[PDB]
Amino acid sequence: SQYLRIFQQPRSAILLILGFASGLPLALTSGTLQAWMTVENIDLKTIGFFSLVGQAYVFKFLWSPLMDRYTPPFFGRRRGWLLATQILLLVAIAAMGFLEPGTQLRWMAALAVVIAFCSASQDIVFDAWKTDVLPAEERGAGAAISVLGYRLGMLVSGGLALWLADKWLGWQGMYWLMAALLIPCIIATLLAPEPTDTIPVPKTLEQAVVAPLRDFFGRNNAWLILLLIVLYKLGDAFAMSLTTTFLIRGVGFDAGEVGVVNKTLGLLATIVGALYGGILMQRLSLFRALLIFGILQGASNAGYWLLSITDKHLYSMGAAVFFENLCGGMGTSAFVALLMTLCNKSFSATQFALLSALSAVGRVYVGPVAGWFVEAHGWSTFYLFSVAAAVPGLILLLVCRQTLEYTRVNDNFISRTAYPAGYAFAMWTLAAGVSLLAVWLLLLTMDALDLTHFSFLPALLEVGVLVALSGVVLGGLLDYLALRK
Ligand SMILES: CCCCCCCC/C=C/CCCCCCCC(=O)OC[C@H](COP(=O)(O)OCCN)OC(=O)CCCCCCC/C=C/CCCCCCCC
Ligand SMILES: CCCCCCCCCCCCO[C@@H]1O[C@H](CO)[C@@H](O[C@H]2O[C@H](CO)[C@@H](O)[C@H](O)[C@H]2O)[C@H](O)[C@H]1O
């Protein structure tokens, strides 16, 4: 009853519809396309242009500040951009089908790049719309319903699309149908609620760029929260990186069985776990849910440790995969809720995109290290290390209880006034490190244009990441000292 009420309310359907519209764009630019172009034997000539469509989704934060300042002529900051980024995908996705892959491959690639760029903006504005309107109690269930819509969109965009195209309809008509299925999405955008008009908006574009950073870094506890955001998901990334390879080699299973088992059980478990986490969060506070969910996520992948020693069996694999996926989808909703709470209403999506990118910066480094650890200590000890690698996230969450308990009851963050002498040094060092990484990115994009070549590529990135880590460590230590005193 009280746990059930959330589903009947009409805004839930709008959230799901707007979620499915994010998926239909993701697979009509990289995956169904190649399947279409396999008739024309996609070459290496167009990959130079085609390298950007995958890249728009990773680098969305840089063009994000433009979204908050600007507004469409009518409809307010967050319900006008969704009408503008859901009318452009429709004019391009259908048209793209008008082209012929015989002699217009470059035009097709350029249209794919434009479609990806539009989808990135729609995604960021939709995240801002989610964070602005949703109240304090229902955030987890909203995130779960959005994830369910996302998955139901990706599945329709790939599977049923391929089946229809190669059975009845044809490729051009499959593209036409994937274009025409966006009309309900724009209807839902038009009929959805809006953020209030009380909240102020930045007056200058440079102000839009600079204000969110000064607002987030002028908090009582900022560096500790940054460290928690970075280090929450390590214990899941480590196991998810090589679970498939372990199930292939260390146990003795076949590729098809592993693929099928993942492709069904992982989806079902993730969906059920996310919805359960949202329903339970609807009545439970943020900190207790975060702690319990983190402990469960850390203790989940001991099933893999049990599997590694014991001999092969189908049901053991099924149970372990089901449990791991349920615990992961269970904690992902709590993490999304924690990300959503911190940002303030006025500058929402810039502070959401930067935090989301900082969340995913963890997966880049763990990859090669996961490779080295296996040859060092066998398959089995790797998973014990995975179990023990979730301790820092729980410890940081335990230390940072005060701010999360105060925010729920006061709905605002206390400004920083303790130890004002040492924060400037850390901020300046972090700025210098980010500037160094920007210089490295400029060097990489200068080299990739074949205008010139540089021999200083990896060392600059290593130095910059070392400087950034040192700055964040100094900030965290100073914050801990201030909290103790
Ligand atoms: C409804 C609103 C929609 C808003 C967005 C619409 C965008 C439509 C079209 C945009 C085309 C943008 C072209 C930019 C060209 C200049 C930049 C460039 O060439 O960067 C290259 C460089 C490296 O590319 P490769 O060499 O292929 O990488 C190889 C890696 N191994 O690119 C990158 O590093 C990342 C990609 C670019 C990220 C975004 C750059 C900034 C934004 C550009 C366009 C968005 C609008 C900006 C202006 C807004 C105000 C008018
Ligand atoms: C200094 C700023 C922060 C660091 C910037 C450089 C590192 C960026 C993070 C590491 C690279 C991976 O970055 C991450 O890529 C995945 C790729 O699917 C993106 O994935 C995204 O997929 C779709 C895109 O519409 C979203 O619905 C989803 O929520 C999101 O995760 C993330 O938005 C991005 O953050």
# chains A, B, ... in the order shown; residues from 1 in each chain; ligands from 1
call {"tool": "residues_near_ligand", "arguments": {"ligand": "ligand 1", "cutoff": "10 Å", "atoms": "only C-alpha atoms and all ligand atoms", "output": "NGL selection string"}}
result
:A and (47-67 or 81-89 or 110-111 or 113-122 or 441-450)
call {"tool": "atom_distance", "arguments": {"atom1": "CA of residue 323 (chain A)", "atom2": "CA of residue 309 (chain A)"}}
result
17.9 Å
call {"tool": "atom_distance", "arguments": {"atom1": "CA of residue 397 (chain A)", "atom2": "CA of residue 291 (chain A)"}}
result
7.2 Å
call {"tool": "residues_near_ligand", "arguments": {"ligand": "ligand 2", "cutoff": "6 Å", "atoms": "only C-alpha atoms and all ligand atoms", "output": "PyMOL selection string"}}
result
chain A and resi 57-58+120+123+354+356-358+360-361
call {"tool": "write_last_selection", "arguments": {"atoms": "N, CA, C and O atoms", "output": "PDB file, in the first residue's frame"}}
result
ATOM      1  N   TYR A  57      29.709  11.147 -26.282  1.00  0.00           N
ATOM      2  CA  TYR A  57      29.098  10.800 -24.974  1.00  0.00           C
ATOM      3  C   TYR A  57      30.107  11.022 -23.815  1.00  0.00           C
ATOM      4  O   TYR A  57      29.646  11.498 -22.773  1.00  0.00           O
ATOM      5  N   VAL A  58      31.385  10.670 -23.948  1.00  0.00           N
ATOM      6  CA  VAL A  58      32.428  10.839 -22.875  1.00  0.00           C
ATOM      7  C   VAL A  58      32.729  12.306 -22.522  1.00  0.00           C
ATOM      8  O   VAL A  58      32.949  12.576 -21.341  1.00  0.00           O
ATOM      9  N   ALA A 120      23.588  13.536 -26.826  1.00  0.00           N
ATOM     10  CA  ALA A 120      24.278  13.914 -25.595  1.00  0.00           C
ATOM     11  C   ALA A 120      23.575  15.079 -24.900  1.00  0.00           C
ATOM     12  O   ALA A 120      23.364  15.054 -23.677  1.00  0.00           O
ATOM     13  N   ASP A 123      20.357  13.979 -23.295  1.00  0.00           N
ATOM     14  CA  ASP A 123      20.615  13.248 -22.061  1.00  0.00           C
ATOM     15  C   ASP A 123      20.928  14.193 -20.908  1.00  0.00           C
ATOM     16  O   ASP A 123      20.419  14.014 -19.793  1.00  0.00           O
ATOM     17  N   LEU A 354      29.751  17.002 -14.293  1.00  0.00           N
ATOM     18  CA  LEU A 354      31.117  16.905 -13.785  1.00  0.00           C
ATOM     19  C   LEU A 354      31.235  15.794 -12.748  1.00  0.00           C
ATOM     20  O   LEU A 354      32.199  15.019 -12.763  1.00  0.00           O
ATOM     21  N   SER A 356      29.301  13.121 -12.514  1.00  0.00           N
ATOM     22  CA  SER A 356      29.160  11.835 -13.188  1.00  0.00           C
ATOM     23  C   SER A 356      30.461  11.420 -13.863  1.00  0.00           C
ATOM     24  O   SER A 356      30.861  10.253 -13.788  1.00  0.00           O
ATOM     25  N   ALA A 357      31.137  12.362 -14.526  1.00  0.00           N
ATOM     26  CA  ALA A 357      32.415  12.040 -15.158  1.00  0.00           C
ATOM     27  C   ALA A 357      33.468  11.673 -14.119  1.00  0.00           C
ATOM     28  O   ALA A 357      34.270  10.751 -14.330  1.00  0.00           O
ATOM     29  N   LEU A 358      33.495  12.393 -12.995  1.00  0.00           N
ATOM     30  CA  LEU A 358      34.428  12.038 -11.932  1.00  0.00           C
ATOM     31  C   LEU A 358      34.116  10.665 -11.359  1.00  0.00           C
ATOM     32  O   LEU A 358      35.020   9.974 -10.877  1.00  0.00           O
ATOM     33  N   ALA A 360      33.082   8.081 -13.153  1.00  0.00           N
ATOM     34  CA  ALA A 360      33.541   7.093 -14.119  1.00  0.00           C
ATOM     35  C   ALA A 360      35.037   7.165 -14.392  1.00  0.00           C
ATOM     36  O   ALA A 360      35.566   6.275 -15.067  1.00  0.00           O
ATOM     37  N   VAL A 361      35.730   8.194 -13.901  1.00  0.00           N
ATOM     38  CA  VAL A 361      37.178   8.243 -14.089  1.00  0.00           C
ATOM     39  C   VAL A 361      37.884   7.080 -13.401  1.00  0.00           C
ATOM     40  O   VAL A 361      39.069   6.840 -13.655  1.00  0.00           O
TER      41      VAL A 361
END
